[PDB]
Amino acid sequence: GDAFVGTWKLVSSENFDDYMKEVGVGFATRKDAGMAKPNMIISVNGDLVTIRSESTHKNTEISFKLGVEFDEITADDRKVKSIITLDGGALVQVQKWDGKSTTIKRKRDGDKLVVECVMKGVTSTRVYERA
């Protein structure tokens, strides 16, 4: 996934609070995660893809290989089973936990990176631009 590599900065976000509420993030956690404009750094070293989210308080990073299931502890402290694939040119991530599942799509749109998170009829869209 060479097209996703780079440092991305959040320039737009919609329905994110509603999305976190839907997945089950507590008001307090949902409050801090919301009151911050993350920095997304994506890099690939060999067959390993690393995605890192940086902010002035909460840092998280995941390392994985495409198509290989892995354990992930999310920003909101959820222990989930993730699988990331490259489908239709986009990185599609599926998080599974407690019989629930949510989809996170990262796609390139021109000079921007769009992240679409869907959970039970709720769609959150985050637009990032290259730093």
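One rule holds for the numbers: they count along the sequence shown, beginning at 1.
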query: Stretch with the higher entry mean CA B-factor, where the candidates are 50-58 and 84-92; finding: 50-58
query: Segment of higher mean CA temperature factor, 31-39 or 67-75; finding: 31-39
query: Entry-reported Cα temperature factor of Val5, expressed as the chain third it lands in; finding: lowest
query: Ranked against its chain, the third holding the CA B-factor of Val25; finding: highest
query: Ranked C-alpha temperature factor of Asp111 among modelled chain residues, by third; finding: highest
